[PDB]
Amino acid sequence: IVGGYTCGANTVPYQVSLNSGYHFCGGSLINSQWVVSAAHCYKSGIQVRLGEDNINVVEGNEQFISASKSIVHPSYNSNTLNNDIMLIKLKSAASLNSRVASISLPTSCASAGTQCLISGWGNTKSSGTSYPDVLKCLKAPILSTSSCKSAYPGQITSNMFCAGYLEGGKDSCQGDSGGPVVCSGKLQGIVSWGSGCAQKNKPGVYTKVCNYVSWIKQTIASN
Amino acid sequence: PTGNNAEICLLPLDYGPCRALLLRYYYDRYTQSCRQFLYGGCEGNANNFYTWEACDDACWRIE
Ligand SMILES: [Ca+2]
């Protein structure tokens, strides 16, 4: 997250880190046994790490649970990034407490102008790279469909939205993929892609979770 | 020339536009060696291999 701020320990209790020896992507816990992330984060060997703040030290009260299943959306297209969503099933249920808690799925789509919270352990620089120890947060509004398509002509599908600041300085970045975009206490978005990070007229692009609630519920039911 | 290893091996690293940190390998022409990088998960270019071995084999000889 570029241009954001230190969340504080366990203030985003649904944020997870996806580990394959190292943190490769984030994720959102939607119930005791299931995490939502991005399809481009797919890996056969994932360990979900819940209740993290500093991902570089083991404090002793995190929960580290293997993923038993990682199910990418069946219509995911790796060239267009359409349907960039994946569900991860935990081997065993997490213990929910104040530091590990699920986030609700949306019951409507969020409109342009709504403020969201975007979070993750990604790059905090727009030039070069610096990866933080502790979780970073950014407040950002949903952008209008018109301004998103203007920014990225020919690239925005119906299952994508833009959020952030067209002036630059504040965006999600590499290392944040798969993490949450939360508006009014619902999961409205998944970190996906952008042209660079925190650049002028190139806002973050996010998977529109409200479009997938049926798929999410039936995947969970059937697996 | 066709199947030309230089056309792949001599390209600069490209993290691409997706926002992951996936461990991959690339040929670095200034060290003449296969090095690791963290790929964003989509697009980029062909100088992008899953393993050091794959890179080493692909870039074994450069004309
Ligand atoms: Ca930790």
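Same order as they appear, the protein sequences are chains A and B.
First residue of the first sequence? That's 6 in this note's numbering, and the numbers climb one at a time after it.
First residue of the second sequence? That's 13 in this note's numbering, and the numbers climb one at a time after it.
Every residue, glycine too, gets a C-beta built ideally from N, C-alpha and C.
Continuous beta strand (DSSP E) stretch holding residue i: start and end
i	result
A:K74	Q68 to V77
A:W39	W39 to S42
A:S33	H28 to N36
A:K213	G209 to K213
A:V21	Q20 to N24
A:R54	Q52 to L55
A:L95	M91 to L95
heavy atom of ligand 1 below 6 Å from residue i C-beta
i	result
A:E172	no
A:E64	yes
A:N102	no
A:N15	no
A:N59	yes
A:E67	yes
Rounded separation between residue i and residue j - CA only
i	j	result
A:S83	A:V17	29 Å
A:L143	A:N164	22 Å
A:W220	A:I76	11 Å
B:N17	A:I108	48 Å
A:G32	A:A72	12 Å
A:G190	B:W72	53 Å
A:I60	A:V187	21 Å
A:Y19	A:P79	25 Å
A:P185	A:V196	7 Å
A:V62	B:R47	26 Å
B:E75	A:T85	34 Å
B:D40	B:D26	12 Å
residue 76 of chain B	B:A58	The first residue shown for chain B is 13 and the last is 75, placing residue 76 of chain B beyond what the model contains.
residue 293 of chain A	A:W198	With chain A running from 6 to 228 in the structure shown, residue 293 of chain A is simply not present.
A:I123	A:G133	21 Å
A:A44	A:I147	22 Å
B:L33	A:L95	22 Å
B:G52	A:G180	8 Å
B:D68	B:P13	21 Å
A:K154	A:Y170	15 Å
B:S45	B:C54	24 Å
A:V7	A:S22	18 Å
A:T150	A:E67	39 Å
A:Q38	A:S182	20 Å
A:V218	A:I93	15 Å
A:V210	A:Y157	9 Å
A:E172	A:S135	22 Å
B:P24	A:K74	35 Å
A:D138	B:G15	44 Å
B:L35	B:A70	18 Å
Start and end residues, alpha helix (DSSP H) containing residue i
i	result
A:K222	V218 to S227
### 4-residue-minimum alpha helix (DSSP H) runs that sit fully inside the region 22 to 70 of chain B, ordered along the chain
Complete alpha helix (DSSP H) runs here, min 4: 64 to 70.
Sequence ranges, alpha helix (DSSP H) only - wholly within the region 102 to 190 of chain A, length at least 4:
Counting whole runs of 4 or more residues, the region 102 to 190 of chain A contains the alpha helix (DSSP H) stretches 150 to 156.
Next item on the list: Quick one: which residues of the region 9 to 24 of chain A get their C-beta closer than 7 Å to a C-beta of chain B? List them in chain order.
Entry: Of all residues in the region 9 to 24 of chain A, none is placed with a Cβ closer than 7 Å to any Cβ belonging to chain B.
At a Cβ cut of 7 Å, what residues of the region 151 to 177 of chain A count as close to chain B, listed as they run along the chain?
Hits within the stretch, in order: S177.
Exercise for the section: With 7 Å as the limit, tell me which residues of the region 189 to 201 of chain A have their beta carbon closer than that to any beta carbon of chain B; keep them in chain order. Expected result: Legend: CB atoms of the region 189 to 201 of chain A lying less than 7 Å from CB atoms of chain B belong to residues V196, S197, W198, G199 and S200.
Open item on the list: Please identify, using Cβ separations under 8 Å, the residues of the region 16 to 33 of chain B that lie next to chain A, in order along the chain.
Closed with: Residues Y27, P29, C30, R31, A32 and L33.
Taking Cβ-Cβ distances below 9 Å as the criterion, which residues of the region 127 to 142 of chain A are in contact with chain B?
Correct list: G127, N128, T134 and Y136.
* Asked: In the region 34 to 53 of chain B, which residues sit with their C-beta less than 8 Å from some C-beta in chain A, listed in chain order?
  -> The region 34 to 53 of chain B vs chain A, Cβ under 8 Å: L34, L35, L50, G52 and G53.
### Query
At a Cβ cut of 9 Å, what residues of the region 58 to 85 of chain A count as close to chain B, listed as they run along the chain?
Here the close residues are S83 and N84.
**Report entry** Contact list for the region 35 to 50 of chain A against chain B, Cβ threshold 7 Å
**Finding:** For the region 35 to 50 of chain A, residues whose beta-carbon sits nearer than 7 Å to a beta-carbon of chain B comprise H45 and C46.
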